[PDB]
file input_35.tsv (TSV, N, CA and C atoms and all ligand atoms)
chain	number	residue	atom	x	y	z
A	105	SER	N	-28.27	-27.09	-107.45
A	105	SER	CA	-29.28	-28.13	-107.68
A	105	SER	C	-30.21	-27.76	-108.83
A	106	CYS	N	-30.13	-28.53	-109.92
A	106	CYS	CA	-30.91	-28.25	-111.11
A	106	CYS	C	-32.39	-28.50	-110.85
A	107	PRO	N	-33.28	-27.80	-111.58
A	107	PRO	CA	-34.72	-27.96	-111.36
A	107	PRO	C	-35.22	-29.35	-111.71
A	108	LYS	N	-36.53	-29.55	-111.60
A	108	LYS	CA	-37.13	-30.81	-112.00
A	108	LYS	C	-37.05	-30.98	-113.52
A	109	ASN	N	-36.73	-32.20	-113.95
A	109	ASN	CA	-36.65	-32.55	-115.37
A	109	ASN	C	-35.53	-31.79	-116.08
A	110	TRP	N	-34.43	-31.55	-115.38
A	110	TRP	CA	-33.26	-30.88	-115.95
A	110	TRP	C	-32.02	-31.68	-115.59
A	111	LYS	N	-31.34	-32.22	-116.60
A	111	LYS	CA	-30.10	-32.94	-116.37
A	111	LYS	C	-29.03	-31.98	-115.85
A	112	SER	N	-28.16	-32.49	-114.99
A	112	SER	CA	-27.13	-31.69	-114.34
A	112	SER	C	-25.75	-32.08	-114.84
A	113	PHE	N	-24.89	-31.08	-115.02
A	113	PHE	CA	-23.52	-31.30	-115.46
A	113	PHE	C	-22.68	-30.11	-115.06
A	114	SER	N	-21.49	-30.38	-114.51
A	114	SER	CA	-20.61	-29.34	-113.99
A	114	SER	C	-21.37	-28.42	-113.05
A	115	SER	N	-21.44	-27.13	-113.38
A	115	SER	CA	-22.21	-26.16	-112.61
A	115	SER	C	-23.37	-25.58	-113.41
A	116	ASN	N	-23.80	-26.27	-114.46
A	116	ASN	CA	-24.88	-25.81	-115.31
A	116	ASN	C	-26.00	-26.84	-115.34
A	117	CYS	N	-27.12	-26.44	-115.94
A	117	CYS	CA	-28.28	-27.31	-116.08
A	117	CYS	C	-28.69	-27.37	-117.54
A	118	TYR	N	-29.23	-28.52	-117.94
A	118	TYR	CA	-29.55	-28.77	-119.33
A	118	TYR	C	-30.94	-29.39	-119.42
A	119	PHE	N	-31.71	-28.94	-120.40
A	119	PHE	CA	-33.05	-29.45	-120.66
A	119	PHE	C	-33.09	-30.03	-122.06
A	120	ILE	N	-33.34	-31.33	-122.16
A	120	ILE	CA	-33.45	-32.02	-123.44
A	120	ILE	C	-34.91	-32.00	-123.86
A	121	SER	N	-35.20	-31.35	-124.97
A	121	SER	CA	-36.57	-31.13	-125.40
A	121	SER	C	-37.23	-32.43	-125.86
A	122	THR	N	-38.54	-32.49	-125.66
A	122	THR	CA	-39.40	-33.48	-126.30
A	122	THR	C	-40.30	-32.89	-127.37
A	123	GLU	N	-40.70	-31.63	-127.22
A	123	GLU	CA	-41.47	-30.93	-128.24
A	123	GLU	C	-40.55	-30.35	-129.31
A	124	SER	N	-41.14	-30.02	-130.45
A	124	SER	CA	-40.38	-29.56	-131.61
A	124	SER	C	-40.75	-28.12	-131.94
A	125	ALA	N	-39.75	-27.35	-132.37
A	125	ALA	CA	-39.95	-25.96	-132.75
A	125	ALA	C	-38.79	-25.54	-133.64
A	126	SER	N	-38.97	-24.40	-134.31
A	126	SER	CA	-37.90	-23.85	-135.13
A	126	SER	C	-36.73	-23.44	-134.25
A	127	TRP	N	-35.60	-23.15	-134.90
A	127	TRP	CA	-34.41	-22.75	-134.16
A	127	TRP	C	-34.65	-21.48	-133.35
A	128	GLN	N	-35.29	-20.48	-133.96
A	128	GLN	CA	-35.54	-19.23	-133.23
A	128	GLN	C	-36.55	-19.43	-132.12
A	129	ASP	N	-37.63	-20.17	-132.39
A	129	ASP	CA	-38.60	-20.45	-131.34
A	129	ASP	C	-38.03	-21.36	-130.27
A	130	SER	N	-36.98	-22.13	-130.58
A	130	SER	CA	-36.29	-22.89	-129.55
A	130	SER	C	-35.48	-21.97	-128.65
A	131	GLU	N	-34.68	-21.08	-129.25
A	131	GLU	CA	-33.95	-20.10	-128.46
A	131	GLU	C	-34.90	-19.18	-127.71
A	132	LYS	N	-36.04	-18.85	-128.32
A	132	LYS	CA	-37.06	-18.06	-127.62
A	132	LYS	C	-37.55	-18.77	-126.37
A	133	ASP	N	-37.78	-20.09	-126.46
A	133	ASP	CA	-38.28	-20.84	-125.32
A	133	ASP	C	-37.19	-21.08	-124.28
A	134	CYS	N	-35.94	-21.30	-124.71
A	134	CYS	CA	-34.85	-21.38	-123.74
A	134	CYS	C	-34.72	-20.07	-122.97
A	135	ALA	N	-34.90	-18.94	-123.64
A	135	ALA	CA	-34.80	-17.65	-122.97
A	135	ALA	C	-35.93	-17.46	-121.96
A	136	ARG	N	-37.13	-17.97	-122.27
A	136	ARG	CA	-38.25	-17.83	-121.35
A	136	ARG	C	-37.99	-18.56	-120.04
A	137	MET	N	-37.19	-19.63	-120.08
A	137	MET	CA	-36.75	-20.33	-118.88
A	137	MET	C	-35.40	-19.83	-118.39
A	138	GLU	N	-35.01	-18.62	-118.78
A	138	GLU	CA	-33.74	-18.01	-118.40
A	138	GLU	C	-32.57	-18.94	-118.73
A	139	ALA	N	-32.45	-19.25	-120.02
A	139	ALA	CA	-31.38	-20.10	-120.52
A	139	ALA	C	-31.17	-19.78	-122.00
A	140	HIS	N	-30.15	-20.40	-122.58
A	140	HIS	CA	-29.89	-20.29	-124.00
A	140	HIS	C	-29.81	-21.69	-124.59
A	141	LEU	N	-29.86	-21.76	-125.92
A	141	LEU	CA	-29.60	-23.03	-126.59
A	141	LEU	C	-28.19	-23.50	-126.25
A	142	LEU	N	-27.99	-24.82	-126.33
A	142	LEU	CA	-26.73	-25.41	-125.91
A	142	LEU	C	-25.56	-24.78	-126.66
A	143	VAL	N	-24.46	-24.57	-125.94
A	143	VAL	CA	-23.21	-24.05	-126.51
A	143	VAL	C	-22.12	-25.02	-126.08
A	144	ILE	N	-21.67	-25.87	-127.01
A	144	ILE	CA	-20.65	-26.86	-126.70
A	144	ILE	C	-19.31	-26.15	-126.50
A	145	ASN	N	-18.77	-26.25	-125.30
A	145	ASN	CA	-17.50	-25.61	-124.96
A	145	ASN	C	-16.35	-26.59	-124.81
A	146	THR	N	-16.58	-27.75	-124.20
A	146	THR	CA	-15.53	-28.74	-123.99
A	146	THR	C	-15.96	-30.09	-124.56
A	147	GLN	N	-14.98	-31.00	-124.65
A	147	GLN	CA	-15.25	-32.37	-125.07
A	147	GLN	C	-16.14	-33.09	-124.07
A	148	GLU	N	-15.96	-32.79	-122.78
A	148	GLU	CA	-16.75	-33.45	-121.75
A	148	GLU	C	-18.21	-33.01	-121.79
A	149	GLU	N	-18.45	-31.73	-122.07
A	149	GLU	CA	-19.83	-31.24	-122.13
A	149	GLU	C	-20.58	-31.90	-123.28
A	150	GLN	N	-19.92	-32.08	-124.42
A	150	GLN	CA	-20.58	-32.67	-125.58
A	150	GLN	C	-20.96	-34.12	-125.33
A	151	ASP	N	-20.03	-34.91	-124.78
A	151	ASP	CA	-20.31	-36.32	-124.53
A	151	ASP	C	-21.41	-36.51	-123.49
A	152	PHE	N	-21.49	-35.62	-122.50
A	152	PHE	CA	-22.58	-35.71	-121.53
A	152	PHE	C	-23.93	-35.53	-122.19
A	153	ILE	N	-24.02	-34.61	-123.16
A	153	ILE	CA	-25.29	-34.36	-123.84
A	153	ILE	C	-25.67	-35.54	-124.72
A	154	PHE	N	-24.70	-36.11	-125.44
A	154	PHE	CA	-24.99	-37.25	-126.30
A	154	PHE	C	-25.56	-38.43	-125.51
A	155	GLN	N	-25.11	-38.61	-124.26
A	155	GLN	CA	-25.59	-39.72	-123.45
A	155	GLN	C	-27.06	-39.59	-123.08
A	156	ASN	N	-27.65	-38.40	-123.24
A	156	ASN	CA	-29.03	-38.16	-122.84
A	156	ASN	C	-29.93	-37.80	-124.02
A	157	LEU	N	-29.47	-38.04	-125.25
A	157	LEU	CA	-30.25	-37.72	-126.44
A	157	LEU	C	-30.82	-38.99	-127.05
A	158	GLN	N	-31.91	-38.82	-127.79
A	158	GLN	CA	-32.50	-39.92	-128.54
A	158	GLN	C	-31.83	-40.00	-129.90
A	159	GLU	N	-31.27	-41.17	-130.21
A	159	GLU	CA	-30.63	-41.38	-131.50
A	159	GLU	C	-31.60	-41.20	-132.66
A	160	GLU	N	-32.90	-41.31	-132.40
A	160	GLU	CA	-33.92	-41.17	-133.43
A	160	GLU	C	-34.37	-39.72	-133.64
A	161	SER	N	-33.69	-38.75	-133.02
A	161	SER	CA	-34.13	-37.36	-133.07
A	161	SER	C	-32.94	-36.43	-133.19
A	162	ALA	N	-33.18	-35.27	-133.80
A	162	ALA	CA	-32.19	-34.21	-133.92
A	162	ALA	C	-32.50	-33.09	-132.92
A	163	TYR	N	-31.45	-32.40	-132.48
A	163	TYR	CA	-31.56	-31.44	-131.39
A	163	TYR	C	-30.87	-30.14	-131.77
A	164	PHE	N	-31.64	-29.05	-131.78
A	164	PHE	CA	-31.10	-27.74	-132.11
A	164	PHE	C	-30.10	-27.27	-131.06
A	165	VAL	N	-29.07	-26.57	-131.53
A	165	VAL	CA	-27.97	-26.08	-130.70
A	165	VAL	C	-27.69	-24.64	-131.09
A	166	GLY	N	-27.28	-23.84	-130.11
A	166	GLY	CA	-27.05	-22.42	-130.33
A	166	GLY	C	-25.91	-22.08	-131.27
A	167	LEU	N	-25.88	-22.72	-132.44
A	167	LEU	CA	-24.87	-22.47	-133.46
A	167	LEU	C	-25.58	-22.24	-134.78
A	168	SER	N	-25.38	-21.06	-135.37
A	168	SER	CA	-26.09	-20.71	-136.59
A	168	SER	C	-25.17	-19.93	-137.52
A	169	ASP	N	-25.66	-19.72	-138.74
A	169	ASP	CA	-24.94	-18.99	-139.78
A	169	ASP	C	-25.97	-18.14	-140.52
A	170	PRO	N	-26.25	-16.93	-140.02
A	170	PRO	CA	-27.44	-16.20	-140.51
A	170	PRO	C	-27.38	-15.82	-141.98
A	171	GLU	N	-26.30	-15.17	-142.41
A	171	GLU	CA	-26.20	-14.70	-143.79
A	171	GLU	C	-25.90	-15.81	-144.78
A	172	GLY	N	-25.63	-17.03	-144.32
A	172	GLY	CA	-25.32	-18.12	-145.22
A	172	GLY	C	-23.90	-18.14	-145.74
A	173	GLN	N	-23.00	-17.37	-145.14
A	173	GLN	CA	-21.61	-17.32	-145.58
A	173	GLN	C	-20.73	-18.32	-144.84
A	174	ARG	N	-21.33	-19.28	-144.13
A	174	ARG	CA	-20.59	-20.23	-143.28
A	174	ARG	C	-19.76	-19.49	-142.23
A	175	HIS	N	-20.32	-18.41	-141.69
A	175	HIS	CA	-19.73	-17.69	-140.56
A	175	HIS	C	-20.49	-18.14	-139.32
A	176	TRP	N	-19.98	-19.17	-138.66
A	176	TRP	CA	-20.69	-19.78	-137.54
A	176	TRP	C	-20.56	-18.92	-136.29
A	177	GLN	N	-21.66	-18.79	-135.56
A	177	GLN	CA	-21.72	-17.98	-134.36
A	177	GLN	C	-22.45	-18.74	-133.26
A	178	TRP	N	-22.00	-18.55	-132.03
A	178	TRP	CA	-22.70	-19.08	-130.87
A	178	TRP	C	-23.68	-18.04	-130.32
A	179	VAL	N	-24.81	-18.52	-129.79
A	179	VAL	CA	-25.82	-17.62	-129.25
A	179	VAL	C	-25.24	-16.78	-128.12
A	180	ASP	N	-24.38	-17.37	-127.29
A	180	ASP	CA	-23.77	-16.67	-126.18
A	180	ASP	C	-22.56	-15.83	-126.60
A	181	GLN	N	-22.32	-15.69	-127.91
A	181	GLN	CA	-21.35	-14.78	-128.50
A	181	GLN	C	-19.90	-15.21	-128.30
A	182	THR	N	-19.66	-16.42	-127.80
A	182	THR	CA	-18.29	-16.85	-127.56
A	182	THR	C	-17.63	-17.31	-128.86
A	183	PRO	N	-16.30	-17.25	-128.95
A	183	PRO	CA	-15.62	-17.56	-130.21
A	183	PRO	C	-15.89	-18.97	-130.70
A	184	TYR	N	-15.83	-19.13	-132.02
A	184	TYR	CA	-15.98	-20.41	-132.70
A	184	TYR	C	-14.60	-20.87	-133.15
A	185	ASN	N	-14.18	-22.06	-132.70
A	185	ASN	CA	-12.92	-22.66	-133.13
A	185	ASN	C	-13.23	-23.96	-133.86
A	186	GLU	N	-12.95	-23.99	-135.16
A	186	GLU	CA	-13.34	-25.13	-135.99
A	186	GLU	C	-12.66	-26.42	-135.55
A	187	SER	N	-11.42	-26.34	-135.05
A	187	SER	CA	-10.70	-27.55	-134.66
A	187	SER	C	-11.39	-28.27	-133.52
A	188	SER	N	-12.17	-27.56	-132.71
A	188	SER	CA	-12.93	-28.16	-131.61
A	188	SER	C	-14.41	-28.31	-131.98
A	189	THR	N	-14.69	-28.78	-133.18
A	189	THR	CA	-16.06	-29.02	-133.63
A	189	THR	C	-16.29	-30.50	-133.86
A	190	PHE	N	-17.57	-30.88	-133.85
A	190	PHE	CA	-17.94	-32.28	-134.03
A	190	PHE	C	-18.78	-32.45	-135.29
A	191	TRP	N	-18.33	-31.87	-136.40
A	191	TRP	CA	-19.04	-31.99	-137.66
A	191	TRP	C	-18.98	-33.43	-138.17
A	192	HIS	N	-20.12	-33.96	-138.58
A	192	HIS	CA	-20.13	-35.18	-139.36
A	192	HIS	C	-19.28	-35.00	-140.62
A	193	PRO	N	-18.73	-36.07	-141.17
A	193	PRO	CA	-18.20	-36.00	-142.54
A	193	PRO	C	-19.31	-35.53	-143.47
A	194	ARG	N	-18.90	-34.84	-144.55
A	194	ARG	CA	-19.76	-34.17	-145.53
A	194	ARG	C	-20.37	-32.88	-144.99
A	195	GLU	N	-20.17	-32.55	-143.71
A	195	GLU	CA	-20.89	-31.43	-143.10
A	195	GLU	C	-19.95	-30.32	-142.63
A	196	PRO	N	-20.38	-29.05	-142.75
A	196	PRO	CA	-21.66	-28.54	-143.28
A	196	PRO	C	-21.81	-28.80	-144.78
A	197	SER	N	-23.05	-28.93	-145.25
A	197	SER	CA	-23.30	-29.44	-146.59
A	197	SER	C	-24.03	-28.47	-147.51
A	198	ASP	N	-24.68	-27.43	-146.99
A	198	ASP	CA	-25.52	-26.60	-147.85
A	198	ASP	C	-25.60	-25.18	-147.31
A	199	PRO	N	-25.34	-24.17	-148.16
A	199	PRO	CA	-25.50	-22.77	-147.71
A	199	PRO	C	-26.88	-22.46	-147.14
A	200	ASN	N	-27.93	-23.14	-147.60
A	200	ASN	CA	-29.28	-22.85	-147.14
A	200	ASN	C	-29.64	-23.55	-145.84
A	201	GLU	N	-28.78	-24.43	-145.33
A	201	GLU	CA	-28.95	-25.05	-144.02
A	201	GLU	C	-28.12	-24.24	-143.03
A	202	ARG	N	-28.79	-23.40	-142.24
A	202	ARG	CA	-28.13	-22.36	-141.46
A	202	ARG	C	-28.14	-22.63	-139.96
A	203	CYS	N	-28.59	-23.80	-139.53
A	203	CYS	CA	-28.70	-24.07	-138.11
A	203	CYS	C	-28.18	-25.47	-137.83
A	204	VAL	N	-27.48	-25.63	-136.71
A	204	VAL	CA	-26.76	-26.85	-136.39
A	204	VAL	C	-27.61	-27.70	-135.46
A	205	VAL	N	-27.67	-29.00	-135.75
A	205	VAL	CA	-28.34	-29.96	-134.88
A	205	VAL	C	-27.37	-31.07	-134.51
A	206	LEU	N	-27.61	-31.67	-133.35
A	206	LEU	CA	-26.95	-32.92	-132.96
A	206	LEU	C	-27.82	-34.07	-133.45
A	207	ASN	N	-27.25	-34.93	-134.29
A	207	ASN	CA	-28.00	-36.06	-134.81
A	207	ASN	C	-27.11	-37.29	-134.88
A	208	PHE	N	-27.74	-38.45	-134.82
A	208	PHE	CA	-27.06	-39.73	-134.85
A	208	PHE	C	-27.22	-40.36	-136.23
A	209	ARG	N	-26.19	-41.08	-136.67
A	209	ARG	CA	-26.20	-41.76	-137.96
A	209	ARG	C	-25.80	-43.21	-137.77
A	210	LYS	N	-26.28	-44.07	-138.68
A	210	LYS	CA	-26.25	-45.51	-138.47
A	210	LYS	C	-25.13	-46.24	-139.20
A	211	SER	N	-24.51	-45.62	-140.20
A	211	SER	CA	-23.46	-46.32	-140.96
A	211	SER	C	-22.28	-45.42	-141.31
A	212	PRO	N	-21.26	-45.38	-140.43
A	212	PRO	CA	-21.22	-46.11	-139.16
A	212	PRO	C	-21.92	-45.35	-138.04
A	213	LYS	N	-22.10	-45.99	-136.89
A	213	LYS	CA	-22.75	-45.35	-135.75
A	213	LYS	C	-21.88	-44.21	-135.24
A	214	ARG	N	-22.41	-42.98	-135.29
A	214	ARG	CA	-21.63	-41.81	-134.92
A	214	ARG	C	-22.56	-40.67	-134.51
A	215	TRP	N	-22.27	-40.05	-133.37
A	215	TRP	CA	-22.89	-38.78	-132.99
A	215	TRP	C	-22.09	-37.63	-133.59
A	216	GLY	N	-22.80	-36.63	-134.11
A	216	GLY	CA	-22.11	-35.50	-134.69
A	216	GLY	C	-23.05	-34.36	-135.00
A	217	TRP	N	-22.48	-33.30	-135.57
A	217	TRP	CA	-23.20	-32.10	-135.95
A	217	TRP	C	-23.67	-32.18	-137.40
A	218	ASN	N	-24.70	-31.39	-137.71
A	218	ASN	CA	-25.20	-31.31	-139.07
A	218	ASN	C	-25.96	-30.01	-139.24
A	219	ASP	N	-25.61	-29.23	-140.26
A	219	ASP	CA	-26.36	-28.03	-140.59
A	219	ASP	C	-27.66	-28.45	-141.28
A	220	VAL	N	-28.79	-28.07	-140.69
A	220	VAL	CA	-30.10	-28.32	-141.25
A	220	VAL	C	-30.85	-27.00	-141.33
A	221	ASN	N	-32.08	-27.06	-141.84
A	221	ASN	CA	-32.91	-25.87	-141.92
A	221	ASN	C	-33.23	-25.34	-140.53
A	222	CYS	N	-33.43	-24.02	-140.45
A	222	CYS	CA	-33.78	-23.36	-139.21
A	222	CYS	C	-35.28	-23.34	-138.96
A	223	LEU	N	-36.10	-23.30	-140.01
A	223	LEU	CA	-37.54	-23.17	-139.81
A	223	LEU	C	-38.19	-24.51	-139.48
A	224	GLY	N	-37.74	-25.58	-140.13
A	224	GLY	CA	-38.24	-26.91	-139.86
A	224	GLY	C	-38.08	-27.29	-138.40
A	225	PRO	N	-39.20	-27.59	-137.74
A	225	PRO	CA	-39.16	-27.81	-136.29
A	225	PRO	C	-38.32	-29.03	-135.91
A	226	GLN	N	-37.55	-28.88	-134.84
A	226	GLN	CA	-36.74	-29.94	-134.28
A	226	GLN	C	-36.78	-29.84	-132.76
A	227	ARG	N	-36.26	-30.87	-132.09
A	227	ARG	CA	-36.02	-30.75	-130.67
A	227	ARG	C	-34.81	-29.85	-130.43
A	228	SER	N	-34.56	-29.52	-129.17
A	228	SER	CA	-33.48	-28.60	-128.84
A	228	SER	C	-32.94	-28.94	-127.45
A	229	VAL	N	-31.90	-28.21	-127.06
A	229	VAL	CA	-31.28	-28.36	-125.75
A	229	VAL	C	-31.07	-26.97	-125.17
A	230	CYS	N	-31.71	-26.69	-124.04
A	230	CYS	CA	-31.49	-25.44	-123.33
A	230	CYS	C	-30.39	-25.62	-122.29
A	231	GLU	N	-29.51	-24.63	-122.19
A	231	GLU	CA	-28.43	-24.64	-121.21
A	231	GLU	C	-28.62	-23.47	-120.26
A	232	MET	N	-28.83	-23.79	-118.98
A	232	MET	CA	-29.00	-22.78	-117.94
A	232	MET	C	-27.76	-22.74	-117.05
A	233	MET	N	-27.28	-21.53	-116.77
A	233	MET	CA	-26.13	-21.34	-115.90
A	233	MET	C	-26.61	-21.18	-114.46
A	234	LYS	N	-26.12	-22.04	-113.57
A	234	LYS	CA	-26.62	-22.12	-112.20
A	234	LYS	C	-25.89	-21.14	-111.28
B	301	LIG	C1	-28.86	-38.46	-142.57
B	301	LIG	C2	-29.26	-37.17	-141.92
B	301	LIG	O1	-28.48	-36.53	-141.21
B	301	LIG	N1	-30.51	-36.76	-142.15
B	301	LIG	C3	-31.06	-35.53	-141.59
B	301	LIG	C4	-31.51	-34.59	-142.70
B	301	LIG	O2	-30.43	-34.27	-143.52
B	301	LIG	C5	-30.25	-33.75	-144.77
B	301	LIG	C6	-29.01	-32.85	-144.88
B	301	LIG	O3	-29.05	-31.76	-143.96
B	301	LIG	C7	-27.72	-33.67	-144.66
B	301	LIG	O4	-26.58	-32.84	-144.89
B	301	LIG	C8	-27.68	-34.87	-145.62
B	301	LIG	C9	-26.50	-35.78	-145.36
B	301	LIG	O5	-26.61	-36.92	-146.21
B	301	LIG	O6	-28.88	-35.65	-145.46
B	301	LIG	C10	-30.09	-34.97	-145.70
B	301	LIG	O7	-30.20	-34.49	-147.03
B	301	LIG	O8	-32.06	-33.40	-142.13
B	301	LIG	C11	-33.22	-33.64	-141.32
B	301	LIG	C12	-33.73	-32.29	-140.89
B	301	LIG	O9	-33.67	-31.34	-141.95
B	301	LIG	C13	-32.86	-34.55	-140.15
B	301	LIG	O10	-34.03	-34.84	-139.40
B	301	LIG	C14	-32.22	-35.84	-140.65
B	301	LIG	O11	-31.75	-36.61	-139.55
B	302	CA	CA	-21.95	-24.89	-122.49
B	303	CA	CA	-26.50	-30.76	-143.72

call {"tool": "encode", "arguments": {"input": "input_35.tsv", "output": "structure tokens", "more": "lines below"}}
Ligand SMILES: CC(=O)N[C@H]1[C@H](O[C@H]2[C@@H](O)[C@H](O)[C@@H](CO)O[C@@H]2O)O[C@H](CO)[C@@H](O)[C@@H]1O
Ligand SMILES: [Ca+2]
Ligand SMILES: [Ca+2]
result
Amino acid sequence: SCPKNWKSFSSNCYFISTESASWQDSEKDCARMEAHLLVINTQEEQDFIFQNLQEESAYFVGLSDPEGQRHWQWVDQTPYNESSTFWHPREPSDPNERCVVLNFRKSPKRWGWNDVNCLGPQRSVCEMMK
């Protein structure tokens, strides 16, 4: 049973942020609640998260590229398989955008990933293992 104000899925719990913070301060805050930033593992997990996000907002996810070499890593250290990614067309787009967000686009309407800046505050998704 997930806590108050935490969406439930499979055997895990998810918190969709309303406040904004940098990628590191987002992972810092997920850790304070004994969780990590979201780590998309299956197609079903991703679609469940999209159903609870605001199309007008971007959401930080535990996927980053620290050195800027497009070496993507998950916070929970699990392997990255590009074929199971939800990158928008044109994305990733810039070596200096080192952190992945879930964002919605209007033409055409599509949920997907986008590498954006890490310091610029955004919303985030914490994933807690129950
Ligand atoms: C349209 C879009 O995704 N805007 C987001 C914006 O994006 C940058 C850049 O990261 C994208 O690769 C390109 C794609 O055209 O658009 C912009 O130049 O980043 C913002 C945060 O940095 C998001 O809030 C916007 O949603
Ligand atoms: Ca997960
Ligand atoms: Ca981008």

call {"tool": "closest_atom_pairs", "arguments": {"input": "input_35.tsv", "of": "chain A", "to": "ligand CA 302 (chain B)", "cutoff": "8 Å", "atoms": "all atoms listed in the file", "output": "JSON lines"}}
result
{"residue": "A:116", "atom": "CA", "partner": "B:CA302", "partner_atom": "CA", "distance": 7.8}
{"residue": "A:141", "atom": "C", "partner": "B:CA302", "partner_atom": "CA", "distance": 7.4}
{"residue": "A:142", "atom": "C", "partner": "B:CA302", "partner_atom": "CA", "distance": 5.5}
{"residue": "A:143", "atom": "C", "partner": "B:CA302", "partner_atom": "CA", "distance": 3.6}
{"residue": "A:144", "atom": "N", "partner": "B:CA302", "partner_atom": "CA", "distance": 4.6}
{"residue": "A:145", "atom": "N", "partner": "B:CA302", "partner_atom": "CA", "distance": 4.5}
{"residue": "A:146", "atom": "N", "partner": "B:CA302", "partner_atom": "CA", "distance": 6.3}
{"residue": "A:149", "atom": "CA", "partner": "B:CA302", "partner_atom": "CA", "distance": 6.7}
{"residue": "A:150", "atom": "N", "partner": "B:CA302", "partner_atom": "CA", "distance": 7.7}
{"residue": "A:231", "atom": "CA", "partner": "B:CA302", "partner_atom": "CA", "distance": 6.6}
{"residue": "A:232", "atom": "N", "partner": "B:CA302", "partner_atom": "CA", "distance": 7.8}

call {"tool": "write_last_selection", "arguments": {"input": "input_35.tsv", "atoms": "N, CA and C atoms", "output": "PDB file, in the frame of the given file"}}
result
ATOM      1  N   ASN A 116     -23.800 -26.270-114.460  1.00  0.00           N
ATOM      2  CA  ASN A 116     -24.880 -25.810-115.310  1.00  0.00           C
ATOM      3  C   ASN A 116     -26.000 -26.840-115.340  1.00  0.00           C
ATOM      4  N   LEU A 141     -29.860 -21.760-125.920  1.00  0.00           N
ATOM      5  CA  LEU A 141     -29.600 -23.030-126.590  1.00  0.00           C
ATOM      6  C   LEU A 141     -28.190 -23.500-126.250  1.00  0.00           C
ATOM      7  N   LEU A 142     -27.990 -24.820-126.330  1.00  0.00           N
ATOM      8  CA  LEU A 142     -26.730 -25.410-125.910  1.00  0.00           C
ATOM      9  C   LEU A 142     -25.560 -24.780-126.660  1.00  0.00           C
ATOM     10  N   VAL A 143     -24.460 -24.570-125.940  1.00  0.00           N
ATOM     11  CA  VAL A 143     -23.210 -24.050-126.510  1.00  0.00           C
ATOM     12  C   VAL A 143     -22.120 -25.020-126.080  1.00  0.00           C
ATOM     13  N   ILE A 144     -21.670 -25.870-127.010  1.00  0.00           N
ATOM     14  CA  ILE A 144     -20.650 -26.860-126.700  1.00  0.00           C
ATOM     15  C   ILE A 144     -19.310 -26.150-126.500  1.00  0.00           C
ATOM     16  N   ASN A 145     -18.770 -26.250-125.300  1.00  0.00           N
ATOM     17  CA  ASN A 145     -17.500 -25.610-124.960  1.00  0.00           C
ATOM     18  C   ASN A 145     -16.350 -26.590-124.810  1.00  0.00           C
ATOM     19  N   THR A 146     -16.580 -27.750-124.200  1.00  0.00           N
ATOM     20  CA  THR A 146     -15.530 -28.740-123.990  1.00  0.00           C
ATOM     21  C   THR A 146     -15.960 -30.090-124.560  1.00  0.00           C
ATOM     22  N   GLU A 149     -18.450 -31.730-122.070  1.00  0.00           N
ATOM     23  CA  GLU A 149     -19.830 -31.240-122.130  1.00  0.00           C
ATOM     24  C   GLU A 149     -20.580 -31.900-123.280  1.00  0.00           C
ATOM     25  N   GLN A 150     -19.920 -32.080-124.420  1.00  0.00           N
ATOM     26  CA  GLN A 150     -20.580 -32.670-125.580  1.00  0.00           C
ATOM     27  C   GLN A 150     -20.960 -34.120-125.330  1.00  0.00           C
ATOM     28  N   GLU A 231     -29.510 -24.630-122.190  1.00  0.00           N
ATOM     29  CA  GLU A 231     -28.430 -24.640-121.210  1.00  0.00           C
ATOM     30  C   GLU A 231     -28.620 -23.470-120.260  1.00  0.00           C
ATOM     31  N   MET A 232     -28.830 -23.790-118.980  1.00  0.00           N
ATOM     32  CA  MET A 232     -29.000 -22.780-117.940  1.00  0.00           C
ATOM     33  C   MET A 232     -27.760 -22.740-117.050  1.00  0.00           C
TER      34      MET A 232
END

call {"tool": "residues_near_ligand", "arguments": {"input": "input_35.tsv", "ligand": "ligand LIG 301 (chain B)", "cutoff": "8 Å", "atoms": "only N, CA and C atoms and all ligand atoms", "output": "NGL selection string"}}
result
:A and (160-163 or 193-198 or 201 or 206-210 or 217-222 or 224-226)

call {"tool": "residues_around", "arguments": {"input": "input_35.tsv", "residues": "region 228-230 of chain A", "least_positions_apart": "4", "cutoff": "6 Å", "atoms": "all atoms listed in the file", "output": "ChimeraX atom specification"}}
result
/A:117-121,134,139-142,162-165

call {"tool": "atom_distance", "arguments": {"input": "input_35.tsv", "atom1": "CA of residue 183 (chain A)", "atom2": "atom N of residue 138 (chain A)"}}
result
22.5 Å

call {"tool": "select_by_dssp", "arguments": {"input": "input_35.tsv", "residues": "region 112-234 of chain A", "states": "strand (DSSP E or B)", "output": "ChimeraX atom specification"}}
result
/A:112-113,116-120,125,140-141,163-168,177-178,191,203-210,213-220,226-233

call {"tool": "atom_distance", "arguments": {"input": "input_35.tsv", "atom1": "CA of residue 190 (chain A)", "atom2": "atom N of residue 136 (chain A)"}}
result
26.7 Å

call {"tool": "closest_residue", "arguments": {"input": "input_35.tsv", "among": "A:179, A:137, A:223, A:204", "to": "ligand CA 303 (chain B)", "atoms": "only C-alpha atoms and all ligand atoms"}}
result
A:204

call {"tool": "closest_residue", "arguments": {"input": "input_35.tsv", "among": "A:154, A:106, A:187, A:131", "to": "residue 166 (chain A)", "atoms": "all atoms listed in the file"}}
result
A:131

call {"tool": "select_by_dssp", "arguments": {"input": "input_35.tsv", "residues": "region 137-204 of chain A", "states": "alpha helix (DSSP H)", "output": "PyMOL selection string"}}
result
chain A and resi 147-154

call {"tool": "residues_around", "arguments": {"input": "input_35.tsv", "residues": "region 167-176 of chain A", "least_positions_apart": "6", "cutoff": "6 Å", "atoms": "only C-alpha atoms", "output": "PyMOL selection string"}}
result
chain A and resi 199+202-204

call {"tool": "atom_distance", "arguments": {"input": "input_35.tsv", "atom1": "atom C of residue 188 (chain A)", "atom2": "atom N of residue 147 (chain A)"}}
result
7.8 Å

call {"tool": "axis_aligned_box", "arguments": {"input": "input_35.tsv", "around": "region 193-207 of chain A", "padding_each_side": "4 Å", "output": "AutoDock Vina command-line options"}}
result
--center_x -23.9 --center_y -29.8 --center_z -140.6 --size_x 19.4 --size_y 22.9 --size_z 23.2
